[PDB]
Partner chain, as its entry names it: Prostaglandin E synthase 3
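Heads up, the chain below is alone and in the form solved without its partner chain; it's given as structure tokens.
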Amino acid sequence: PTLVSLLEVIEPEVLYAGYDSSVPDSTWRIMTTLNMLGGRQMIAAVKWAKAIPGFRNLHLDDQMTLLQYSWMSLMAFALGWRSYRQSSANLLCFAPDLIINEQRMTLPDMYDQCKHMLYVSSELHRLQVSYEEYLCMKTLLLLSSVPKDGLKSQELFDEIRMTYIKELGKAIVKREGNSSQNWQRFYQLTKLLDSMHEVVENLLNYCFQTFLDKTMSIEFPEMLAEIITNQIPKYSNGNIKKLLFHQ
């Protein structure tokens, strides 16, 4: 079996938010529901990471490190994909029962949070990203940041990361494809990968603010609260190296 076919079979099942559409909407209600959904998506992301070939060979501390650094990148990218596949309209499809439409976008402070996530879906649409490219790109996002002083299994990590870069290359070549157009496409997809650091920076600013300001009464489930608590000191101590394809 090919490497991309193994990434495909471990794709998590779509989760429902359990959002009651008969009750009126509010920004607070949507944010709260999404944090609970995020916690369940993150538990499924751990099971997913464990089945990625090579991931389990890294030191356990590195496995934890990579999931903690990349969690928001993984969530926003998968959301970008679901939004891109559902429609060609400017919609965020968090779950099949929780889609942020134009009427929902008009709720106080909905748009300023949603614009960074809408950028991901609009880019996947503009670049006409394939399912195989997507699968390779999402695994690369798990491998997109490391500690300032590196991982315990740094050498093995670099080898695994290079393998998934070559795997993204193989997905691009399937369309079908011109040598010059291949390098152009590789450049474009890696540029989108790089821009995920900027999308995530913007999303974490809202995430960290709503987690820390207890007077906002915005709840996060245990899975997300634990990751956020771990990550906030790492950002304040500059303990992060954001890997880039383009300098």
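Residue numbers count along the first chain shown, from 1.
Although not depicted, the form solved in complex with its partner chain is the subject of the following passage.
J.: Find out whether any non-hydrogen atom of residue 125 is located within 4.5 angstroms of its partner chain in the deposited bound form, and reply yes or no.
T.: Although its partner chain is absent here, residue 125 would stay clear of it in the deposited bound form, with no heavy atoms inside 4.5 Å.
J.: So in the deposited bound form, is its partner chain close enough to residue 150 to count as touching (4.5 Å, heavy atoms)?
T.: Answer no; every heavy atom of residue 150 is more than 4.5 Å from its partner chain in the deposited bound form.
J.: State yes or no: in the deposited bound form, is some non-hydrogen atom of residue 115 no more than 4.5 angstroms from a non-hydrogen atom of its partner chain?
T.: Contact check for residue 115: no, nothing within 4.5 Å of its partner chain in the deposited bound form.
J.: Quick one: does residue 182 come within 4.5 Å of its partner chain in the deposited bound form, counting heavy atoms only?
T.: Close contact exists here: in the deposited bound form, residue 182 approaches its partner chain to within 4.5 Å, heavy atoms only.
J.: Between 184-206 and its partner chain in the deposited bound form, list the residues on our side with a heavy atom within 4.5 Å.
T.: Sequence-ordered list: 184, 186, 187.
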